[PDB]
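The block underneath contains the structure these notes are about, expressed in structure tokens.
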Amino acid sequence: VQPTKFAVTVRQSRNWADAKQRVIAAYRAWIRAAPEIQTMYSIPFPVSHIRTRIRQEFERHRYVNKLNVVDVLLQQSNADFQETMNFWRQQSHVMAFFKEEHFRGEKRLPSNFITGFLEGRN
Amino acid sequence: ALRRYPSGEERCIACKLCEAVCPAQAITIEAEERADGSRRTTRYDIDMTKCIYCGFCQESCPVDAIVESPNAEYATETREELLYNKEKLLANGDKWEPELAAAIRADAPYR
Amino acid sequence: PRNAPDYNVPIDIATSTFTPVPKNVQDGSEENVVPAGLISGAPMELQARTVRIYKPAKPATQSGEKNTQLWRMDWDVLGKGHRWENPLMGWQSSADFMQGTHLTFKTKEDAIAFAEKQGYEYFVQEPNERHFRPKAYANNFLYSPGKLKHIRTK
Amino acid sequence: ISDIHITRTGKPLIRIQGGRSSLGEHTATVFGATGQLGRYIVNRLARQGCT
Amino acid sequence: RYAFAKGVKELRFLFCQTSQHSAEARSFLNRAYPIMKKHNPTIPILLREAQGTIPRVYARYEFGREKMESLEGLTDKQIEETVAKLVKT
Amino acid sequence: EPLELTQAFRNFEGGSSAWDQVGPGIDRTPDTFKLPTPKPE
Amino acid sequence: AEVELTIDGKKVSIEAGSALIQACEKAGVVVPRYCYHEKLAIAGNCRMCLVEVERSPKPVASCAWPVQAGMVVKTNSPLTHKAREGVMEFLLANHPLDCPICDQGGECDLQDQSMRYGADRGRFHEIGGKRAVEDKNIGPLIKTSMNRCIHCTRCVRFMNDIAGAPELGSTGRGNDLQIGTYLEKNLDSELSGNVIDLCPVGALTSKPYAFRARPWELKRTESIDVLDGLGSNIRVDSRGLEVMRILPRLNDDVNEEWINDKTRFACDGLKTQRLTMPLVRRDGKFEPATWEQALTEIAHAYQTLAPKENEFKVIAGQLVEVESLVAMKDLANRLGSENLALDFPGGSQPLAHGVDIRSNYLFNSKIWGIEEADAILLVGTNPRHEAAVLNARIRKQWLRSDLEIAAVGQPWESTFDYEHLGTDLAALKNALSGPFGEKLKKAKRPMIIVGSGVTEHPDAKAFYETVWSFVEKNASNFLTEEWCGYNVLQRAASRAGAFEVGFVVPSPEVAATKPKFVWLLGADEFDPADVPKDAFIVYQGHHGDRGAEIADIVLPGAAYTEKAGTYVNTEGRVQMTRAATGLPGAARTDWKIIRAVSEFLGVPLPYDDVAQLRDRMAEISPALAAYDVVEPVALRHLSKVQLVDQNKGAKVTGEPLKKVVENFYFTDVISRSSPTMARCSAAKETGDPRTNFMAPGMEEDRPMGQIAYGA
Amino acid sequence: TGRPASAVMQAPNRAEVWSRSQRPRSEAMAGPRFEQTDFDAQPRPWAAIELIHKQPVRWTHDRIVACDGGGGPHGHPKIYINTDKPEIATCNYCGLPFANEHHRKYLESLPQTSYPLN
Ligand SMILES: NC(=O)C1=CN([C@@H]2O[C@H](COP(=O)(O)OP(=O)(O)OC[C@H]3O[C@@H](n4cnc5c(N)ncnc54)[C@H](OP(=O)(O)O)[C@@H]3O)[C@@H](O)[C@H]2O)C=CC1
Ligand code: SF4
Ligand code: SF4
Ligand code: SF4
Ligand code: SF4
Ligand code: FES
Ligand SMILES: [Zn+2]
């Protein structure tokens, strides 16, 4: 806020009820900003595709049961959110977040044993 | 440049002191016994796009084999021309030897 | 599923053709263990690869034991991508970003604790210890009641 | 699709699949690569470590 | 004390050396193995031990089919009957 | 893209001396911060 | 009776009769040394380890001084500082300025202890110059630069006391005293390359290693040797793609700081005859194929032939790990086959010893057991050629005790004196009923050691019955709580691992079936009768050799330096290699080839990761999960059902025991492709002692030199 | 990729490689990168192995001979060479040949020597 546009002072969560509000607050800001993110970096994907990525990022950490670890993830989310909504990231940075735009594909690991073996460890 | 003795034998004996001290890891060396059994290099490369021109190799060499010539006018069209192998470096020493000996002659008392 | 490889793990931007398929990625729900590997920023690959935890043996070429004092953590070399010959210069290229990295620990519980916290697979190699036997100079000159059996030369 | 490609004339190409520094094994000539389409074939080959 | 069915390719007994578990598997093998190896002499009866190993028995059937049975907390007589199921048909 | 080095980094850390080269050093705690010692007898 | 002493003001306790330097090491005190080595006799000649001892006027050699009840030792006094500086000055006065050209540089104890304990500058500026000494030819393996010699005596003491090769010595006197053979001759020990490591200086260096690398550029991987059955602990030094040298690491249980010459010098064979891509033979000539193309032709040729039970045969070679044998046993069983054979004569037949009890085939008294052995009988084994580091362990106990050795089988030139009782099964029975049986009966710690060539003998069933019946008759001597007297010695790294997982042909019925499909799992010493000519041969391995050339499909596998593999040595110790380099070309991990062929054969193995295969190993044998220990055998007495009861009625031919190693240098695929082993074989045959015999260098009749190594 | 003699000869004064791991120039300077190139313009230093063997044997009566390359501080570290074997002794730094006068008749008898002897 005061230092720069989307700056959030680093604070610990008081309890699990406090943490959950921040996590939902963080998700709400992210998926709300998805229309702006598309037109601001000229992303060649629909807001639906972008918003799915937001949920998966939040779902990788759905099973965390440690309060200190949540505070770390919340601070990372605020830092990524600020550097996105401020035009500090470049199209290369945001585009790299979408795993489909790598010339070797998104399925960058072998499907099963025999496809990886026939190609040579993937 | 890579230098010779007055007889024309290579000064380099593959000690690897210049490869170890190099602050930028610009030198790559391979070596075995030569056909006559002499300790000599088979590969002596300097990546001139990694080299920071600090003189540490020239300071570390016990035989005065690797030296920096006074030459600075060798800008190239392609980056590949700045990957010096042993042939390029020994040719440089052959061409620049009278300067190399004169520069060594003047400063060796301080080295 | 009892050491089954999870062929459906999400990839990250450092996932390459040389990355092995992991078994167990941290989720932040493991009991009693800080999930550093979840928040470190390190690629998924480091939870798929195995580190070796060992005391380096004394070199056979020297008597100094300075480098055997500490515990070493090292990454095993993969089948593909560790080294190959660059066609231009003959240099040795690598796709293994861990090839020149090692970690030093005062005790192996420390090394194990760090490895569990990051989520590395690890293998602990215990150090072989010398078997003590007293040595005496005077044993070079023991009286032989019988055939000498060996002729000593100082 | 693999670490081995055998060419029409039989050459075996043991290939290390990767990026810029990898070994694609193919040597290709592309006539008229300075036009609109030549940049997409040259780019695809070179970034696989092909000559 | 009889030869097993034609399906039995091999038997595998895994046990420990200490008294962490019982000594019933060890006593049973002390007795069973000589006569079992006797009546049908061409069946590999592998006795493999290791510190801390829960007692088990494996029976290999045709085409790589196996059945395992835990011998923990089991007296030798029950161990004797546990093997009997794996070998008679 | 995933990192790929044309020449891999060469770590010469293994050339560290097989013998300790510094030693334990010297104690320089002042006397006003070392404990007193019992006198003989 | 550990006495109590003071070193540098801190108290240490150690056994009486121990050297002071041993107490300093126990106390953690670092003492410089050159002549002293823990495995050699004390010399006391270098003068580096002089320390101050209370009530002693002269400074004292801490390697030779005995520990006493109450001595006080000062290792960091001015007197000790002055002694080390002065001794280092004398060591460097005549030492040649050769560190740029010396191969010890960067791993030199003279350089490290000069930096640590000596002065920074020298005071020898004599116009008369330094001593210079002529070089010596002592064979093809050891390059000599004798000016560097500091006269520690380590190479003489090792070669004489340890290796049993009294050809190295020292001639002359004073400053002109010179180490060498007084007359130029090859050093005939398979343990000779240990002097290179023992040498503190670069006076004795490896000829094949000469000038190739600096020590700081080498990745150091601790691993296990697989060219022998002892599993010697080794350090593999590599520079990216290339393995450059093999060094021994300390394991007092198995190899005791030493390795043999083939273990050391066969590493150059790892880069010359290598299988790097699949080959499909066609129109009588091998042709390259993809891995899909090769596995398809296995699947097609399997269907076309439709093998029945035991028409699928697998032969395992000497360098095969347990992962490959377990995955291949799972595959062969799913094809109906129990035809699992080994690479030696009679390997395709059921073995005279069984595999039901681990003690049937293992070295039961452990390698460490030799340190306490009172009497040893060696049946059908030349231990110098089959287990050389274990052979030197027998000499060491023989030198320091009243240990009696006898042998039944082919005589060999031995490093210990032994009583040759005969060469056949008749001689074994006479021995056990003769005077040496009396020696065995009235001895604590008796040992009977049976070679792996007895297992390949036609009378093998009568040998194990003869031996074990003696073990049972004289138990409470051979079969006690602290001791097992019966031992089987494996010269190959894979045999005990194969036995552990039951990788053997169970019955003569399986042995009788003539195979249609034969899988050579790294097999190259197979008999040319266990491989029928009209069978589809598949070779999987790392080296193009005998096995690969007669095959229909060649699959490139991995060598021991390119994989983490599980190996079981002759005593049952489970050990794991560590990969130093990656796979070359299009090669694959050996167990993954078998797992990949199983999908193509329609019987996909359950395991996809090596951790799942390693769980399967514990189900077959749980001791395979315990690395670097030897799990004791609980039911030792049960080694009578298969060694006596099943072996009671066996035909006896009386044929002599044999020599399973015709030539030590050529034993496996790696050593047969080694250019260095070729020089050793050539030099032994022609008696040439010159260093440059088939190597680069000037020679009198070769003034232009030559680039070739190994030719 | 090379027809001219600069593209085949390992050096102007030596056709053949002088170490086993040395890449022959004919294979090294082959491939697409050497297509439209002047080969005489490429760096081709003279082989040092051929030049050092033109050096005549420095005869001496003393058993031990010092060699530092002859530049004083401009050479190599001073080493001492033993000439007692009946052969030409060579400095391990600079390759200079040395021989004792005791061995002159046997060295003159030799059909061919590594060094000219005169
Ligand atoms: N683009 C399209 O929509 C269609 C294209 N095509 C074909 O596709 C191919 C590639 O198309 P595109 O890349 O768009 O074409 P461009 O016109 O963009 O490029 C054509 C290429 O031809 C080279 N070229 C033309 N004339 C000569 C000449 N006389 N000598 C040497 N080189 C010459 C040009 O080199 P330089 O730059 O030096 O002139 C250039 O690299 C061509 O064969 C074209 O005919 C056909 C149907 C549709
Ligand atoms: S240039 Fe000098 S320092 Fe480098 S290897 Fe040659 S002799 Fe040693
Ligand atoms: S001048 Fe260049 S090559 Fe020589 S040490 Fe400095 S960086 Fe390395
Ligand atoms: S032995 Fe040690 S001090 Fe002597 S030249 Fe070799 S590295 Fe230098
Ligand atoms: S040659 Fe080496 S090991 Fe032998 S006495 Fe001299 S310094 Fe010691
Ligand atoms: S170590 Fe004691 S004198 Fe050499
Ligand atoms: Zn010289």
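Computed from heavy atoms alone, side chains included, the values below leave out hydrogens, waters and symmetry copies. So that the names make sense, note that chain A is the first sequence line, chain B the second, and so on, each numbered from 1. As the structure lists them, so they are numbered: ligands from 1, and atoms in each ligand from 1.
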G:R47 neighbourhood, listing ligand 6 atoms whose heavy-atom distance to it stays under 4.0 Å: 3 (S), 4 (Fe)
Ion pair present between G:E217 and G:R239, side-chain N to carboxylate O less than 4.0 angstrom? yes
Is the closest heavy atom of G:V201 to ligand 5 under 4.0 Å? yes
G:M146: numbered ligand 5 atoms lying under 4.0 Å from its heavy atoms: 1 (S)
G:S77 and G:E52 side chains, donor-acceptor separation under 3.5 Å: yes
Could you check whether any heavy atom of G:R148 sits closer than 4.0 Å to an atom of ligand 5, since that is the contact criterion I want to use? no
Check the pair H:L51 / B:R4 against side-chain contact (heavy atoms from CB on, under 4.5 Å), numbers first and verdict last. CA-CA 11 Å; H:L51 290 149; B:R4 293 171 200 266; 3.9 Å; yes
Which ligand 2 atoms are under 4.0 Å away from a heavy-atom of B:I66? 1 (S)
Measuring from non-hydrogen atoms of B:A14 to any atom of ligand 2, is the shortest distance under 4.0 Å? yes
Using a 6.0 Å cut-off, check whether atom NZ of H:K78 has over 12 heavy atoms from anything other than its own residue. no
What's the shortest distance from atom 4 (Fe) of ligand 2 to any protein heavy atom, and which residue and atom give it? B:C18 SG, 2.2 Å
How about G:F124: does its CZ atom have over 12 heavy atoms from other parts shown lying under 6.0 Å from it? yes
Pull out every atom of ligand 2 sitting under 4.0 Å from any heavy atom of B:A65, numbered as shown with elements. 1 (S), 2 (Fe)
Numbered atoms and elements of ligand 6 in range of G:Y36, under 4.0 angstrom, heavy atoms: 1 (S)
Just say parallel, tilted or perpendicular for the rings of G:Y117 and F:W19, cut-offs at 30° and 60°. perpendicular
Answer yes when G:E38 and C:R133 have at least one side-chain N-carboxylate O distance shorter than 4.0 Å, and no when they do not. no
Salt-bridged, C:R130 to G:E257, with N to O below 4.0 Å? yes
Please classify the G:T153 to ligand 5 contact at 4.0 Å (heavy-atom distances, strictly less than): side chain, backbone, both or neither. backbone
Please find out if atom 4 (Fe) of ligand 5 and some N, O or S atom of G:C155 are separated by less than 2.8 Å. yes
Check this for me: does any side-chain nitrogen of one of G:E89 and G:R84 sit under 4.0 Å from a carboxylate oxygen of the other? no
Give a yes or no on whether the ring-centroid distance for G:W65 and C:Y137 is below 6.0 angstrom. no
Which atoms of ligand 6 are found less than 4.0 Å from any heavy atom of G:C46? 1 (S), 3 (S), 4 (Fe)
Enumerated ligand 6 atoms positioned under 4.0 Å from heavy atoms of G:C49: 1 (S), 2 (Fe), 3 (S)
Proximal ligand 5 atoms for G:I150, defined as those under 4.0 Å from one of its heavy atoms: 6 (Fe), 7 (S)
Pull out every atom of ligand 6 sitting under 4.0 Å from any heavy atom of G:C35, numbered as shown with elements. 1 (S), 3 (S), 4 (Fe)
Give a yes/no verdict on a cation-pi contact between G:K143 and G:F211, requiring under 6.0 Å between NZ or CZ and the six-membered ring centre and an angle within 45° of the axis. yes
Take a 6.0 Å sphere around CZ of G:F90 and say whether it holds more than 12 heavy atoms from other residues, nucleotides or ligands. no
Here the atoms of ligand 6 under 4.0 Å from any heavy atom belonging to G:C63 are 1 (S), 2 (Fe), 3 (S)
Tell me which protein heavy atom sits closest to atom 8 (Fe) of ligand 2, plus the residue, atom name and distance to 0.1 Å. B:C15 SG, 2.2 Å
In this structure, atom 2 (Fe) of ligand 2 is nearest to the protein heavy atom B:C61 SG, 2.2 Å
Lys/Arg-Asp/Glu bridge criterion (N-O < 4.0 Å) met for G:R264, G:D197: yes
Any ion pair linking B:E33 and G:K207 (charged N to carboxylate O, less than 4.0 Å)? yes
Check each heavy atom of B:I27 against ligand 2 and say whether those closer than 4.0 Å belong to the side chain, the backbone, both or neither. neither
Going by the atom numbers of ligand 5, which of them fall below 4.0 Å from some non-hydrogen atom of G:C199? 1 (S), 2 (Fe), 3 (S), 7 (S)
Under 4.0 Å to a heavy atom of B:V63 - the qualifying atoms of ligand 2, by number: 7 (S)
What is the closest protein heavy atom to atom 6 (Fe) of ligand 2, and at what distance does it sit? B:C12 SG, 2.2 Å
Answer side chain, backbone, both or neither: which part of B:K16 comes under 4.0 Å from ligand 2, heavy atoms only. backbone
